[PDB]
Amino acid sequence: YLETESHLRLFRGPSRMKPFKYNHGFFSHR
Amino acid sequence: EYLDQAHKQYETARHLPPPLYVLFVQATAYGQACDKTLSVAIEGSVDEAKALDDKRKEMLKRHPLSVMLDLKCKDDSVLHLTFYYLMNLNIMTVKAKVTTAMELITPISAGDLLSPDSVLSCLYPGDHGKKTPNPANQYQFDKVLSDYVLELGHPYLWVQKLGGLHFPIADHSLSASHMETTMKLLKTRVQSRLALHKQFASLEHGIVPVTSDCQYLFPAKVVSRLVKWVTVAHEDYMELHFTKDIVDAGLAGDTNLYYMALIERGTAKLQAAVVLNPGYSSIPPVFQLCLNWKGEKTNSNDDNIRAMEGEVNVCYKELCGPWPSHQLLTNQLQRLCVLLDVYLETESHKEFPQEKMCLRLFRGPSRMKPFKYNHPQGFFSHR
Amino acid sequence: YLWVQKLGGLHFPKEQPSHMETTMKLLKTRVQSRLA
Amino acid sequence: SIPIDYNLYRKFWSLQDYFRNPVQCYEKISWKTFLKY
Amino acid sequence: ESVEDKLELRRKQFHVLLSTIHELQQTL
Amino acid sequence: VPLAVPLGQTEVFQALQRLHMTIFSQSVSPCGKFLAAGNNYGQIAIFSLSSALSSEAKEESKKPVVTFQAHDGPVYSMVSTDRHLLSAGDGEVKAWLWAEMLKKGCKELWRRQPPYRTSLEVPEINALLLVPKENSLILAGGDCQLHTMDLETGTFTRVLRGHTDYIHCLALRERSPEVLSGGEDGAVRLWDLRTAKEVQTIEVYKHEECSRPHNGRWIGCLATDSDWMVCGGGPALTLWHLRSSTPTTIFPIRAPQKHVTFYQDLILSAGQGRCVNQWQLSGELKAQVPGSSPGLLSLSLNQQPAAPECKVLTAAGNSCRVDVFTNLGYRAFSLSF
């Protein structure tokens with residue numbers, strides 16, 4: 001939440017969701 | 001005129017030799033036609049124009065009339081050419097001088113960039129500035145030289161095509177197209193050498209000068225830095241053990257500029273020998289790499305070294321930017337810094353943590369590391 | 001022609017290194033020669 | 001048939017011809033071919 | 001346009017004076 | 001020594017591509033007369049091998065008679081049939097005709113791509129195995145899976161899932177298991193084609209006689225004598241006895257070996273070194289013949305009927321040239337790409 005906040009994809013969906021699912025080694029969306 | 005001289009120049013040009021007269025007429029025509037940033041003049045004395053070491057001096061007899069043309073470029077700088085003629089040899093030569101408006105504080109490794117012995121050496125591919133063009137003069141000198149080349153000038157082929165001399169009597173039609181092509185090549189050559197001068201003045205301070213346009217070519221964070229940039233000599237280049245392939249391929253000629261870059265990370269040293277031929281921004285510099293990190297990982301005993309050399313040397317057209325692409329050497333050095341970061345972080349076992357998003361570490365029979373950068377998503381893939 | 005531009009005032013360099021009265025007299029000779 | 005290296009054959013028996021006439025090893029071109037072969 | 005016509009007339013007069021000087025130098 | 005100086009942007013660029021060329025694959029024609037070489041840049045050269053081995057031979061005869069761009073990515077594998085040349089490139093296999101690749105047309109027959117996990121990498125195809133007794137072709141690569149394809153119709157029948165990392169090489173020995181496969185995970189696996197299952201696994205890094213943890217665990221090469229196996233790569237060049245899975249002898253060499261094969265009664269090997277390594281089956285280094293490349297990636301015995309004169313050993317690797325051995329003690333010549 002602190003690193004991916006704007007000043008492989010950063011947002012998706014109507015609520016502009018951040019990627020919080022881990023892949024054992026990158027972050028995707030739920 | 002403050003609120004003519006052409007008649008005085010015609011009365012002076014009456015006494016010129018015929019190749020020099022053809023050069024004067026075609027230069028005035030090209031200056032009045034397209035490029036008004038050009039000026040010609042005639043330097044000499046009309047009284048002499050009216051008209052066994054002594055045999056060597058009278059054989060290498062300069063005509064008392066010489067022509068002098070200067071160009072100004074869009075860098076508040078000018079190039080001065082003086083064309084001289086040899087009536088005993090039927091060969092005309094050129095002296096050159098690049099002067100800027102500023103003081104031009106030169107760095108150490110600049111050296112032979114703007115040194116007037118070898119500025120215009122390889123406008124066309126080759127020509128060397130050394131040998132006489134017509135073999136009849138070679139047979140005449142065999143009946144009876146580089147010091148006289150430094151004393152008089154360089155007998156190129158393009159200069160004699162400007163004069164009208166056809167070597168398998170001066171011709172304007174032979175001078176016509178060659179005039180515009182060679183003036184465009186001179187305008188590119190001087191701008192390229194001044195841009196290399198600015199880049200070398202920046203690179204001696206350990207900073208790679210990247211422009212605002214090229215920032216998409218590279219990732220943001222870089223760890224490896226340039227600590228040494230020292231021009232070396234030819235024989236010093238051929239004494240290196242890891243540059244046998246450039247020499248055996250025929251790319252390490254005499255008329256080149258040889259440099260040594262040294263790029264480091266934590267206990268990781270990378271020696272990169274650089275060859276420039278004088279046709280820069282049209283022919284890229286060639287690199288050789290030797291990584292003295294653990295043992296001696298060189299081009300013959302490692303394939304990822306050869307992959308980085310392929311990413312720099314063969315794929316150079318990804319690094320050239322706009323039409324005045326004089327930023328190619330800095331883009332190659334920045335990409336090679338990025339490749340050193342990739343080679344050190346993506347190596348399997350930990351002195352260097354892997355922060356890359358490569359998503360696959362090896363592929364292919366040679367077990368290749370990912371060296372291609374992807375900017376809109378920002379990650380490393382394989383070539 | 002070259003003499004037209006010499007009368008016009010423009011001076012151009014030739015390939016190898018009172019005009020008015022002479023050109024008009026040469027016109028006078030040329031017309032009489034062609035009619036003859 | 002059996003595959004044959006003809007280049008080594010030709011260079012080897014040209015060296016044999018150079019052995020049969022030792023006078024020929026004083027020119028330039030013949031000596032250069034002798035060096036290479 | 002009047003100022004440009006006056007400047008062009010002055011330039012043509014200067015060119016005619018230069019041509020007359022050239023004709024005088026050629027005759028002498 | 002610098003005989004040819006390029007002097008020109010196009011020729012300097014061609015010299016740079018030749019200087020940075022790697023030749024991955026080799027294939028032979030149905031007759032002995034032609035050779036096919038795959039390229040780093042996705043190109044294919046065709047070598048008139050009988051014309052190179054002839055008594056009348058010119059310096060321009062050691063050149064490709066037809067070279068052509070064939071794939072977008074590198075050509076990692078070739079194989080040849082009675083009529084076709086199958087070439088695996090970017091992620092798909094193309095087919096070429098030997099009769100038409102010499103001509104000016106150079107069209108492809110088909111273009112088959114196996115089904116994937118839809119990941120965004122487009123994985124490679126490292127090994128092509130051409131299976132007799134049934135028209136089939138086994139694909140293996142970065143998908144970590146063995147695909148079987150019919151040669152007549154482009155349908156994919158079996159998918160085999162045993163490896164953890166990707167596969168480097170395949171083998172064939174004409175018995176009940178009949179398919180060996182070795183990969184980056186470090187285990188030789190046996191694949192019975194009837195049951196489409198894994199029947200035996202030999203982990204070479206687990207055995208302490210073979211381990212060598214400095215280079216890592218990756219199997220680059222396999223070979224079969226229908227009872228034996230030669231496994232090499234990362235760990236060591238080892239001779240395994242099948243049906244026992246016991247390491248019998250070790251071949252004492254430092255450089256990792258990228259390719260191995262059985263000769264009449266020798267073992268031929270090539271790797272990161274310069275020379276071709278000739279071993280005896282007991283484990284004694286019989287010979288080392290130096291090649292022209294700094295490293296080699298492929299050997300090929302051209303043992304084809306109806307052309308006994310084209311019986312040579314061809315070697316290729318990290319160079320733009322192919323070493324041709326007419327005898328096993330010295331190189332005869334080399335074919336430039």
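Look through F:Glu121, F:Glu108 and report the one residue that is assigned to a loop (DSSP other than H, G, I, E, B), farther than 21 Å from F:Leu85 by Cα and either touching a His at 6+ places or on another chain (Cβ under 7 Å) or acidic (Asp, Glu) (or both).
Details: F:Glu108 fails: farther than 21 Å from F:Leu85 by Cα.
Going through F:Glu121, F:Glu108 in turn, just one is assigned to a loop (DSSP other than H, G, I, E, B), farther than 21 Å from F:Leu85 by Cα and either touching a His at 6+ places or on another chain (Cβ under 7 Å) or acidic (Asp, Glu) (or both): F:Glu121.
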When every residue in region F:199-223 that is surrounded by fewer than 19 Cβ atoms within 10 Å (Cβ to Cβ) and in contact with a strand residue (DSSP E or B) (Cβ under 7 Å, 6 or more places away or on another chain) is compared, the one farthest from B:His349 (Cα to Cα) is F:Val199
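Condition (residue is in a loop (DSSP other than H, G, I, E, B) and over 17 Å from the mean Cα position of the chain (by Cα)) applied to region B:135-142: is it met by at least one residue? Walk me through it before giving the result.
Our first condition is that a residue be in a loop (DSSP other than H, G, I, E, B); within region B:135-142, this holds for none.
Checking region B:135-142: not a single residue is in a loop (DSSP other than H, G, I, E, B) and over 17 Å from the mean Cα position of the chain (by Cα).
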When (1) away from chain D (no Cβ under 14 Å); (2) among the polar types (S, T, N, Q); (3) more than 16 Å from the chain's Cα centre (by Cα); (4) in a strand (DSSP E or B) are applied to F:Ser334, the one that fails is (1)
Of the conditions (1) closer than 23 Å to F:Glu11 by Cα; (2) among the aliphatic types (A, V, I, L, M); (3) in contact with a strand residue (DSSP E or B) (Cβ under 9 Å, 6 or more places away or on another chain), the single one that B:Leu319 does not satisfy is (3)
Residue count, chain C, condition assigned to a helix (DSSP H, G or I), away from chain E (no Cβ under 14 Å) and of a type in the set (S, T, N, Q), comes to 3
When every residue in region B:1-11 that is more than 8 Å from chain C (Cβ to nearest Cβ) and under 15 Å from C:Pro17 (Cβ atoms) is compared, the one surrounded by the most Cβ atoms within 10 Å (Cβ to Cβ) is B:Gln9
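I need a count of the residues in region B:208-230 that are among the aromatic types (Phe, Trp, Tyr) and in contact with an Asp or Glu (Cβ under 7 Å, 6 or more places away or on another chain).
Initial filter on region B:208-230 (among the aromatic types (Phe, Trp, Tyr)): B:216, B:218, B:229.
After this cut, where a residue has to be in contact with an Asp or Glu (Cβ under 7 Å, 6 or more places away or on another chain) as well, the list is B:229.
Qualifying residue count, region B:208-230: 1.
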For region B:346-372 the number of residues that are in contact with a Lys or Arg (Cβ under 8 Å, 6 or more places away or on another chain) and outside any loop (DSSP other than H, G, I, E, B) is 2
For region F:235-272, the count of residues that are in contact with a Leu (Cβ under 8 Å, 6 or more places away or on another chain) and either closer than 20 Å to F:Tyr205 by Cα or crowded, with 17+ Cβ neighbours inside 10 Å (or both) equals 18
In the set B:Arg14, B:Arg56, B:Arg62, the lone residue that is more than 13 Å from chain C (Cβ to nearest Cβ), under 30 Å from B:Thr181 (Cβ atoms), among the basic types (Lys, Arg) and surrounded by fewer than 17 Cβ atoms within 10 Å (Cβ to Cβ) is B:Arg62
For region F:4-27, pairs from a residue that is farther than 22 Å from F:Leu86 by Cα and facing chain B (nearest Cβ under 7 Å) to a residue that is among the β-branched types (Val, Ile, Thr) and in a loop (DSSP other than H, G, I, E, B), with Cβ under 9 Å and 6 or more apart or across chains, are F:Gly8/B:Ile283; F:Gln9/B:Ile283; F:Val12/B:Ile283
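Does F:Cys144 meet the test of being under 19 Å from the mean Cα position of the chain (by Cα), under 26 Å from F:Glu121 (Cβ atoms) and not in a strand (DSSP E or B)? Walk me through it before giving the result.
Details: under 19 Å from the mean Cα position of the chain (by Cα): yes; under 26 Å from F:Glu121 (Cβ atoms): yes; not in a strand (DSSP E or B): yes.
Taking the combined requirement at face value, the residue satisfies it.
Do we have any residue at all in region F:314-326 that's assigned to a loop (DSSP other than H, G, I, E, B) and more than 19 Å from B:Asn301 (Cα to Cα)? Full working, then the answer.
So in region F:314-326, the residues assigned to a loop (DSSP other than H, G, I, E, B) come out as F:318-320, F:326.
So of that shortlist, the ones also more than 19 Å from B:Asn301 (Cα to Cα) come out as F:326.
Yes, because at least one residue in region F:314-326 is assigned to a loop (DSSP other than H, G, I, E, B) and more than 19 Å from B:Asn301 (Cα to Cα).
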Over region B:374-383, the set of residues buried (at least 16 other Cβ atoms within 10 Å of the Cβ) and either in contact with a helix residue (DSSP H, G or I) (Cβ under 6 Å, 6 or more places away or on another chain) or within 14 Å of chain A (Cβ to nearest Cβ) (or both) is B:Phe379, B:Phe380, B:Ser381
For region B:264-272, indicate whether the set of residues that are of a type outside the set (S, T, N, Q), within 14 Å of another protein chain (Cβ to nearest Cβ) and part of a strand (DSSP E or B) is non-empty. no
When region F:277-313 is checked residue by residue, the ones that are more than 22 Å from D:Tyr6 (Cα to Cα) and in a loop (DSSP other than H, G, I, E, B) are F:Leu281, F:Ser282, F:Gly283, F:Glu284, F:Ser293, F:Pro294, F:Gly295, F:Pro305
Exactly one of F:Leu97, F:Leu49 is crowded, with 21+ Cβ neighbours inside 10 Å and more than 11 Å from chain B (Cβ to nearest Cβ), and that residue is F:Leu49
* Can you spot a residue in region F:262-276 that is assigned to a strand (DSSP E or B) and of a type in the set (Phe, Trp, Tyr)? -> yes
Apart from one, (1) acidic (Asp, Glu); (2) more than 32 Å from the chain's Cα centre (by Cα); (3) away from every other protein chain (no Cβ under 13 Å) all hold for B:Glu43; the odd one out is (2)
Checked region A:1-29 for anything among the hydrophobic types (A, V, I, L, M, F, W, C) and either within 8 Å of the chain's Cα centre (by Cα) or farther than 18 Å from B:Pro376 by Cβ (or both); matches are A:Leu2, A:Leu10, A:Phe11, A:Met17, A:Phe20, A:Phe27
Do we find a residue being within 14 Å of chain F (Cβ to nearest Cβ), more than 25 Å from F:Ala255 (Cβ to Cβ), assigned to a loop (DSSP other than H, G, I, E, B) and aromatic (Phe, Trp, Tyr) anywhere in region B:280-299? yes
Within region B:65-110, of all residues that are over 28 Å from B:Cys34 (Cα atoms) and small (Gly, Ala, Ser), the one surrounded by the most Cβ atoms within 10 Å (Cβ to Cβ) is B:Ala110
If we ask which residues in region B:236-259 are more than 11 Å from chain F (Cβ to nearest Cβ), part of a loop (DSSP other than H, G, I, E, B) and either within 19 Å of the chain's Cα centre (by Cα) or of a type outside the set (D, E, K, R) (or both), their number turns out to be 5
Listed by first then second residue, the pairs whose first member lies in region F:98-111 and is under 15 Å from F:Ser48 (Cα atoms), whose partner is surrounded by 13 or more Cβ atoms within 10 Å (Cβ to Cβ) and of a type outside the set (A, V, I, L, M, F, W, C), with beta carbons under 7 Å and at least 6 positions apart or on separate chains, are F:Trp98/F:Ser29; F:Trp98/F:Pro30
Of the conditions (1) closer than 28 Å to E:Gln25 by Cα; (2) within 14 Å of chain C (Cβ to nearest Cβ); (3) under 28 Å from the mean Cα position of the chain (by Cα), the single one that B:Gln32 does not satisfy is (3)
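Determine, yes or no, whether F:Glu56 is within 13 Å of another protein chain (Cβ to nearest Cβ), in a helix (DSSP H, G or I) and either on the phi > 0 side of the Ramachandran plot or surrounded by fewer than 16 Cβ atoms within 10 Å (Cβ to Cβ) (or both). Break it down into steps so the answer makes sense when it comes.
On the way: within 13 Å of another protein chain (Cβ to nearest Cβ): yes; in a helix (DSSP H, G or I): no; either on the phi > 0 side of the Ramachandran plot or surrounded by fewer than 16 Cβ atoms within 10 Å (Cβ to Cβ) (or both): yes.
It is false that F:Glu56 is within 13 Å of another protein chain (Cβ to nearest Cβ), in a helix (DSSP H, G or I) and either on the phi > 0 side of the Ramachandran plot or surrounded by fewer than 16 Cβ atoms within 10 Å (Cβ to Cβ) (or both).
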Filtering region B:111-132 down to residues that are surrounded by fewer than 16 Cβ atoms within 10 Å (Cβ to Cβ) and either aliphatic (A, V, I, L, M) or more than 14 Å from the chain's Cα centre (by Cα) (or both) yields B:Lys130, B:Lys131
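Taken together, the values in this text are just the output of simple stated rules run on the coordinates, not laboratory data. Quick reminder, even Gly has a Cβ in these numbers, built from the backbone with ideal geometry, and neighbours come from all protein chains shown.
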